[PDB]
Every structure is written in C-alpha cells, then in structure tokens.
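Here is how the chains run, residue by residue.
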Amino acid sequence: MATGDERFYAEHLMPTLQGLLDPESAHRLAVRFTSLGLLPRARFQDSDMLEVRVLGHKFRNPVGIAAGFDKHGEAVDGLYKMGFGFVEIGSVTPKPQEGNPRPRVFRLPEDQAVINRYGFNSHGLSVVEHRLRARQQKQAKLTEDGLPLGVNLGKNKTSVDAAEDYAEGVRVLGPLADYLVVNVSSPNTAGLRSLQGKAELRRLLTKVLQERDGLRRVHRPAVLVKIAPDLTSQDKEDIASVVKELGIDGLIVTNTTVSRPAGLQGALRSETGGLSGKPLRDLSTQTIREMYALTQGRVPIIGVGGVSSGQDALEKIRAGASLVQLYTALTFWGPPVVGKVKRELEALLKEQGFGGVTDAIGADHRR
Ligand SMILES: Cc1cc2nc3c(=O)[nH]c(=O)nc-3n(C[C@H](O)[C@H](O)[C@H](O)COP(=O)(O)O)c2cc1C
Ligand SMILES: O=C(N[C@@H]1CCCc2c1cnn2-c1ccccc1F)c1onc2ccccc12
Ligand SMILES: CCCCCCCCCC[N+](C)(C)[O-]
Ligand SMILES: O=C1C[C@@H](C(=O)O)NC(=O)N1
Ligand SMILES: [Cl-]
Ligand SMILES: [Cl-]
Ligand SMILES: [Cl-]
C-alpha cells in the first residue's frame, strides 16, 4: 500500500527536513531532486474516472502542480513522474531578474501554510525558451498522451508597459505551451493586481489575445487569467464581464492571499507576502463558486488554494473547477501527497454517485 510512503513522508521524513533546511533551500532541493527523477514510487494508476477534456486538451487526471514550484521549467518531466496530470511552470518574466532579498519565504507549520514574497525571481524568457525547446517533441507526445503543459507569464519589476511584457511572453513561450496564464495577481510586484480597473483589463487582455491569435495553429495556446482571492465584488463582476466579452479561455482561481485570516498561529504570520495552504482553502473555493456563477458555467476554471486531500479537490470541482492544482501541500507532505489526493478523489466520486470528474464539475450549482 502507498499509505506506507505517505505515512513515512508525512510523519518522519518531511518534519525532519523541515528542521534541517530553510524553506528556500528546501524549495531548491525539491526542484533538483524532481528534475533528476529521484522520486518515491508513484503507486497510483490513473483511472478513466479521472480523465477530463477541457481547454482543447485531454488531461489524464485533474491534479496539477501550481505555478511557482518550477519557476524556470527545470523539472517538468519529474513532475509528471510524480503523478501530476498537468504542469504549470513560471511565472516567467521577459528579462531575467533576481526577485526580492532573502529571506523571502516562510513556513507556518502550525497553520499548514506558507507566506512568500519571492518577487518573480526568473531566469527570463530566453533561458526558459531554450530549455523548453530542448524537450519540445517529448512534450508534444506527453500532451497527446494527456499530460499538458502550462506557462505562467509575469512582468518585470521595472517594466514601463505591462501589456508589452505579457505580449513578449505570448510570442516567445506561447508556441511551446498548451496554455498560457496571464498572472495579474501576484501580491509581490507593485501595481500588478491593479491590472483590473475595467477598460484597462480589457485593453491588456485584448493585446494578449491578439498576439496569441497571431501564432500558427499548432502553436496557438489557450489563454487563462489567474486571479487573487482578495478582489472586491466589483472586481469579480468586471473580470467575468471582460472574460466573456473577449472569449478568454479560462480562469485560474486563486493566487495567494494578502489577507491574514483570524486564527493563524505561526510566529511568522505578520511577514509581508502571499499566504498559501490551508488558511486560503475556503476563500479560494468560494471565489471559484462566484466566478463559475458569474460566467454561467461556460468558462473553465482551474481551482487552486489549500488542496491537500481528495475532499479538498472535490469541493473545488463541485464549486465549478474542471481541474485543480496544489503547491503548498507538496511542501508539507512530499511527493506521496499527489497519489493520495488522486486516490481519495476517485473514492469520493464513487461514493457520491459520479461517473467521473466531469459529472462533478459544478455539481453544487445544480442542487
Ligand atoms: C513559494 C510560492 C511561490 C509562488 N510563485 C508563484 C508564481 O510565480 N506565479 C503564480 O501565478 N503563482 C505563484 N504562487 C501561487 C501558487 O501558484 C498557488 O496559486 C497558491 O500557492 C495557492 O495554492 P496552494 O495553497 O496549493 O499553494 C506561488 C506560491 C508559493 C507557495
Ligand atoms: O519544503 C519544501 N520541499 C520539501 C523538502 C525538500 C524535499 C521535498 C519537499 C517536497 N518534496 N520534496 C521532494 C521532492 C522530490 C523527491 C523527494 C522529496 F522529498 C519546499 O518545496 N517548495 C517550497 C516552497 C516554499 C516553502 C518550502 C518549499
Ligand atoms: C530529500 C531527501 C529524500 C529523497 C528521497 C529519494 C527517493 C528516491 C527513490 C529511488 N528509488 C529507485 C529507490 O525509488
Ligand atoms: O504570482 C505569485 C508570484 C509569487 C512571487 O512572489 O514570485 N508569489 C505568489 O504568491 N504568487
Ligand atoms: Cl520508494
Ligand atoms: Cl466587496
Ligand atoms: Cl501578529
């Protein structure tokens, strides 16, 4: 049973490594091991119940790795090996940039949470382009086999024209991606989340979509917008409106939160940055629920924020997500968490009378 690796990781290896390594070192080591395929056995075999068709693609299972883990596209193949149904790399900025000073990442173990203020540390588009080009046909085969690749695009700290930074990303990495994400929801770049005062969001996304439409057909990715959990009701209404009007392909709901929910215990709760993990979970699920309603269920949503179990995944799917991602849970529980979530989700689907993931998408809105 896989529960062996799961328990060993969760109860012994992971807490040991947490005591030995600072969180940024732990991130770097996890990326390096993953990149080399040095992974526990992923004992879980994906069943047909977990397959999802969305965004022009087959997804063998609906559990992805969220942006921010493999920022620079170094570990994509090991992430599939780990059992993820899809991988999102980035955020990638046009020019290389260092990000914020260290320390810039903090664990809140008591809360099963993380706070980060990386500030879009990125190798930049050219480096990532060449890295993805080196495995482009391997990725075409993976995609055809139900294992798509997403690329999350960011902007540089000193850029004078945000829309131009995103357009550069679409031109350079769009041809190498199944989907692109216009991340206008980092907490850690000044001005970024403001990329929604309405006619200006419309202006940005129109430029992005024009650049995407200009790519040759087999190199033309889906375009998604990733939003924060901190938006006003007005901002959410506005985003829904623009997405419908422009024919944006989907939404990623959500990025980290700049809020600090009552009840956090970790000593580092008042560090600046975005909060992820358990305390974000229900805020994210509620944002999914509202965006699904505002878009009439016609816009695919990738649900993200605090997923650590099959129940967490199913709640997001029933709220409206077609796919989910996780990050922070991997940091606490290690690679076995991926099989755990998938096994649990399959069991819950059966118990609740769903034929598969597809049948559960948005199920709460139909009761
Ligand atoms: C250390 C860290 C770095 C991240 N960097 C990125 C990023 O570069 N781009 C992005 O869109 N989201 C970034 N995120 C946000 C995650 O993609 C995700 O939306 C969020 O952490 C919620 O999921 P989780 O609770 O499962 O971690 C980052 C998250 C963490 C924890
Ligand atoms: O704690 C982190 N990694 C743990 C510790 C190092 C080893 C590791 C982790 C998660 N899988 N794994 C791992 C990956 C491949 C093979 C064996 C492993 F054991 C971590 O990784 N990304 C982060 C970002 C923010 C804060 C902490 C972060
Ligand atoms: C970060 C330290 C923990 C790393 C765990 C290494 C497991 C690699 C598994 C290799 N093996 C062929 C036995 O599966
Ligand atoms: O979009 C992002 C970017 C990131 C960063 O600080 O690099 N941190 C986040 O939490 N979300
Ligand atoms: Cl093993
Ligand atoms: Cl409000
Ligand atoms: Cl405090």
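Residues numbered from 1 in each chain as written, not as in the entry; some residues may be left out. Chains lettered and ligands numbered in written order. Heavy atoms only, no water.

- Looking at the entry header, you'll see X-ray crystallography listed as the method and 1.70 Å as the resolution.

Points about empty space enclosed by the protein
So, step 1. On inspection of all chains with the given rule, the structure shows 2 cavities of 30 Å³ or more.
So, step 2. Here the largest cavity defines a volume of roughly 180 Å³.
So, step 3. Lining of the largest cavity is provided by 17 residues; of these, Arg41, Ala42, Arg43, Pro336 and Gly339 occupy positions nearest its centre.
So, step 4. Where the lining of the largest cavity is concerned, the elements lending two or more residues are α1 (3-20) and α12 (336-351).
So, step 5. With 5 residues, the single largest contributor to the lining of the largest cavity is α12.
So, step 6. Split by residue class, the lining of the largest cavity holds 8 nonpolar, 2 polar and 7 charged.
So, step 7. In this structure, the second largest cavity spans a volume of roughly 70 Å³.
So, step 8. Lining the second largest cavity are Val184, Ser185, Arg193, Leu195, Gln196, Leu201, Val225, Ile227, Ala228, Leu231 and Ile239. (1 Å grid on protein atoms, 1.4 Å probe; cavity = no way out; pocket = protein on both sides within 12 Å on 5 of 7 lines; lining within 4 Å. Points joined across faces, edges and corners; volume = space filled by probe spheres on them. Helix = DSSP H or I, 4+ residues; strand = E, 2+ residues; numbered from the N terminus. Nonpolar A, V, L, I, M, F, W, Y, C, P; charged D, E, K, R; others polar.)

Looking at the layout of surface pockets
So, step 1. When its volume is computed, the second largest pocket comes out at roughly 480 Å³.
So, step 2. Lining the second largest pocket are 24 residues, and of these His57, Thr143, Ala177, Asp178 and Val218 lie nearest its centre.
So, step 3. Among the elements that take part in the lining of the second largest pocket, helix α5 (residues 136-144) stands out by supplying 6 residues, more than any other.
So, step 4. Of the residues assigned to the lining of the second largest pocket, the class counts are 10 nonpolar, 8 polar and 6 charged.

A word on the site of ligand 2
So, step 1. Around ligand 2, the structure places 16 residues, and the nearest of them are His27, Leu38, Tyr327, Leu330 and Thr331.
So, step 2. Starting from 570 Å² of accessible surface for ligand 2 in isolation, the protein chains cover 94%.
So, step 3. Those elements that provide at least two residues to the shell around ligand 2 are α1, α2 (23-35) and α11 (328-333).
So, step 4. Broken down by element, the residue count for the shell around ligand 2 peaks at 6 residues, all from α2.
So, step 5. Grouping the amino acids of the shell around ligand 2 by side-chain chemistry returns 13 nonpolar, 3 polar and no charged. (Near = heavy atom within 4 Å. Areas by Shrake-Rupley, 256 points an atom, 1.4 Å probe, with all protein chains shown as cover.)

Focus on the packing of helix α8 (residues 233-246) against helix α9 (residues 281-294)
So, step 1. Axis separation between α8 and α9 bottoms out at 9 Å; the angle between their running directions is 45°. When the interaxial angle is binned, α8 and α9 end up oblique. Of the two possible hands of crossing, α8 and α9 adopt the one that is right-handed. Facing α8, whose interface residues are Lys236, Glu237, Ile239, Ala240 and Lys244, α9 presents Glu290, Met291 and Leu294.
So, step 2. For the contact of α8 with α9, the residue count by class is 4 nonpolar, no polar and 4 charged. (Axes fitted to C-alpha atoms, helices over the stretch in contact; angles between N-to-C directions. Parallel < 35°, antiparallel > 145°, perpendicular 65-115°, else oblique. Left-handed = near helix turned anticlockwise from the far one by under 90°. Contact = heavy atoms within 4.5 Å.)

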